[PDB]
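Reading the structure
So you can see what is in the structure, the chains are spelled out below.
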Amino acid sequence: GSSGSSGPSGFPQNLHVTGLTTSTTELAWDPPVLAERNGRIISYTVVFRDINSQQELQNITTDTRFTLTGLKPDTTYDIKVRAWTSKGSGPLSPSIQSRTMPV
């Protein structure tokens, strides 16, 4: 329902890694276009998971960027992001599958 939970209807862009790592993986995206915004943003959720494994994990940060950790080297990692509003959560950005650097 609207009252119970509304959340945004749009996802951010420019989602990519500015400097991945064998174990860790940096990130850097941008906020949703003024057009696709059902209110205001407060934080984002970075959901990272190994497309090869069934281990799902995510993170939270009040910034348009983030840095994963505890990942395997030379392994594709499906990482995504999603904006959050005072109401709740919205859609989920398209994973990039940034494969950590080959140690």
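Right, let's walk through the structure included here. Each residue takes a number counted from 1 along its chain in the order the sequence is written, a numbering that need not match the entry; residues with no coordinates do not appear. Side-chain measures here rest on the full set of heavy atoms in the structure, leaving out hydrogens and waters.

1. Considering the overall build of the protein chain
The condition is simple: Starting at the N terminus, helices and strands are each numbered in turn, a helix being any DSSP run of H or I of at least four residues and a strand any DSSP run of E of at least two. It is over C-alpha atoms that the radius of gyration is taken, and the globule rule equals 2.2 Å times the number of residues to the power 0.38. Think of it in three bands: residues with accessible area under 20% of the maximum for their type are buried, residues over 50% are exposed, and the middle band is partly exposed, with areas taken using a 1.4 Å probe on protein chains only. The method behind every accessible area is Shrake-Rupley, applied with a 1.4 Å probe, and residues are considered shielded solely by the protein chains displayed. The convention is simple: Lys and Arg are positive, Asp and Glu are negative, and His and the chain ends are not counted. Where a charge lies is defined by one atom per residue type: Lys uses NZ, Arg uses CZ, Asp uses CG and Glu uses CD.
Broken down by element type, the protein chain carries zero helices and eight strands. Beginning at the N terminus, the succession of helices and strands in the protein chain can be written as β-β-β-β-β-β-β-β. Relative to the globule expectation of 13 Å for 103 residues, the C-alpha radius of gyration of the protein chain, 14 Å, shows essentially globular dimensions. By its C-alpha atoms, the protein chain is 45 × 25 × 20 Å across when sized along the principal axes. Burial status across the protein chain gives 33% buried among its 103 residues. Carbon and sulfur atoms make up 45% of the accessible area of the protein chain, which amounts to about 6,000 Å² in all. Counting 9 positive and 8 negative side-chain charges, the protein chain places the averaged centre of each group 7 Å from the other.

2. Thoughts on the pairing of strand β5 (residues 56–61)
Short version of the rule: A strand pair is defined by DSSP finding two or more bridges across the two strands.
Strand direction decides the pairing type here: strand β4 (residues 43–50) and β5, joined by six bridges, are antiparallel. Bridge assignment links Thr 45 to a residue of β5, and that residue is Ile 60. Where β4 folds back onto β5 in an antiparallel hairpin, the turn is made up of five residues.

3. Things to note about the pattern of salt bridges
Stated precisely, the cut-off is as follows: Definition used for salt bridges: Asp or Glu carboxyl oxygen within 4 Å of a side-chain nitrogen of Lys or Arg.
A complete count under the given rule lists one salt bridge for this structure. One salt bridge connects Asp 74 with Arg 99, and the closest N-O pair in it is separated by 3.9 Å. Note that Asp 74 is positioned in the loop between β6 (67–68) and β7 (77–79) and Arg 99 in the segment after β8 (83–84), a separation of 25 residues in sequence. Classification of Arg 99 as partly exposed rests on a relative accessible area of 42%.

4. Here's the deal with the packing of aromatic side chains
Each aromatic ring pair is specified by the distance between its two centres and by the angle formed by the two planes. What counts is decided by this rule: Aromatic pairs are defined between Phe, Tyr and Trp rings, using the six-membered ring for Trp, whenever the two ring centres lie within 6.5 Å; interplanar angles under 30 degrees are classed as stacked, those over 60 as edge-to-face, and all others as tilted.
A complete count under the given rule lists one aromatic pair for this structure. Consider the rings of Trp 29 and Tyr 44, whose centres lie 6.2 Å apart with planes at 55 degrees: the pair is tilted. Note that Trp 29 is positioned in strand β3 (residues 28–30) and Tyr 44 in strand β4, a separation of 15 residues in sequence. For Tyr 44, a relative accessible area of 5% puts it in the buried group.

5. Considering the side chain of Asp 50
To keep things clear, this is the line we draw: By definition in these notes, contact holds between two residues if any of their heavy atoms fall within 4.5 Å.
The topology assignment puts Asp 50 in strand β4. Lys 72 provides the closest opposite charge to the buried, salt-bridge-free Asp 50, at an N-O distance of 4.5 Å. Ignoring any residue separated from it by four or fewer positions in sequence, one finds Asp 50 in contact with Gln 55, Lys 72, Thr 75, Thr 76 and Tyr 77.

6. Some words on the nonpolar core
How we decide: For our purposes a nonpolar core is just a set of buried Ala, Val, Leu, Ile, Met, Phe, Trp, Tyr and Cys residues, chained together by side-chain atoms within 4.5 Å.
Within the largest apolar cluster, 13 residues are counted, with the highest numbers of intra-cluster contacts made by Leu 27, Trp 29, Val 46, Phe 66, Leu 68, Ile 79 and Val 81. Breaking this core down by element, the ones donating at least two residues are β4 and β7. Among the elements that make up this core, the one with the highest residue count is β4 (three residues). Excluding its chain neighbours within four sequence positions, the residues that come into contact with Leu 27 are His 16, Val 17, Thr 18, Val 46, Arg 65, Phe 66, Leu 68, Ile 79 and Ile 96.

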